[PDB]
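Participant: Please find one structure pasted underneath; my questions will follow.
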Amino acid sequence: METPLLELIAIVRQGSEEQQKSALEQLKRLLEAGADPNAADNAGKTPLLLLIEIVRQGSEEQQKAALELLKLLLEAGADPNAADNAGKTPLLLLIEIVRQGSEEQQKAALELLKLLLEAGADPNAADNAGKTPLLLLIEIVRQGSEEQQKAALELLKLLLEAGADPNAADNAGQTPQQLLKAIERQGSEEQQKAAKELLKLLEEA
């Protein structure tokens, strides 16, 4: 399962700044010439997932290079829903970046998540514990910084307008409405006013 796309993404991940730039230009030319955007490495990691790992771990230059390449992969037809072997999906992984990333990483991930949803990512596809994107993003409202709270608010609205199940519960029974009311009880005045707006948005959906 070795291809030019995967070898070159490896150079974006590990090469010098000059090597990264040349690898990005070679990747675009391969994609433009029809290289398969879906052919995965020996671990079931897709080009999309591998470049999202670069957004999660890379320098500010690497995050920009990977954001550019991720947009081109999605325009090339990369499957926005394909998971790796451990069950990680691009939507879930990008939500992890919102939860743990720097302010620069959060912005990249917010831009990518919108592109992912426009490409057909499943807004209902959950992780192992059964947490939906909806639940995971409400957890960021609860525990994030003010800037994470704001991005999560934006993503939640875009996720409901993309058809997310307002009532879908996780494996333990937890619901978005349950979590939002806990934020209403325990959160800051800013969080309480956000959780109230989100409860009305949940019902309306």
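Participant: Between the helical axis of 133-143 and the dominant principal axis of the chain, each derived from Cα atoms, what acute angle in degrees is found, rounded to the nearest 10?
Facilitator: Roughly 70 degrees, rounded to the nearest 10.
Participant: Then there's this: Points 7 angstrom from Cα along the Cβ direction at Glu75 and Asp122: gap in nanometres?
Facilitator: 2.8
Participant: A further question on this structure: Mind running the shape call on segment 77-186? Use the C-alpha gyration tensor, a ≥ b ≥ c as the square roots of the eigenvalues: rounded below 1.5 for a/c, prolate if a/b tops b/c, oblate otherwise.
Facilitator: Oblate shape, in that a/c is at least 1.5 and b/c is the bigger or equal ratio.
Participant: Throw me the Rg/Rh for segment 29-84, computed over C-alpha atoms with Kirkwood Rh, two decimals.
Facilitator: For segment 29-84, the value is 0.96.
Participant: To continue, here is another question. First measure r as the distance between the Cβ atoms of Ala10 and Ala129, then evaluate 1/(1 + (r/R0)^6) with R0 = 45 Å and state the FRET efficiency to the nearest 0.05.
Facilitator: 0.90
Participant: Here's a follow-up. Roughly what would the spin-label model give for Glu68 and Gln186, points 7 Å off Cα along C-beta, in nm?
Facilitator: 4.3
Participant: Also: Which value, in Å³ per residue, describes the convex hull spanned by the Cα atoms of segment 25-140?
Facilitator: In segment 25-140, the Cα convex hull volume per residue is 94 Å³.
Participant: Let me ask something additional. Report the far tail of the P(r) of the chain, meaning the percent of Cα-Cα pairs longer than 28 Å.
Facilitator: 29
Participant: If you don't mind, another one. Based on DSSP H runs of at least 4 residues, each adding -39500 (n - 2.57), what is the mean residue ellipticity at 222 nm of the chain after dividing by all its residues, to the nearest 500 deg cm²/dmol?
Facilitator: Calculated from helices alone, the mean residue ellipticity at 222 nm is -21000 deg cm²/dmol.
Participant: How much length is gained on full extension from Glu60 to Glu204, taking 0.36 nm per residue of separation minus their Cα-Cα distance?
Facilitator: 48.0 nm
Participant: Please compute the length gained on full extension between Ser145 and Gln100, using 0.36 nm multiplied by the number of residues separating them and subtracting their Cα-Cα distance.
Facilitator: Full extension from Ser145 to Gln100 adds 15.2 nm.
Participant: Still on this structure, I have one more. Using +1 at the Cβ of each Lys and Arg and -1 at the Cβ of each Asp and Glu in the chain, identify which of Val12, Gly173, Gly130 lies farthest towards the dipole's positive end.
Facilitator: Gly173
Participant: Further question: From Cα pairs below 8 angstrom and at least 6 apart in sequence, can you work out the relative contact order of segment 123-205, rounded to a whole percent?
Facilitator: Result for segment 123-205 is 29 percent.
Computed from the coordinates by the stated procedures, all read-outs in this text should not be read as laboratory data. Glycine also receives a Cβ, built like all others from the backbone with ideal geometry; neighbour counts cover every protein chain displayed.
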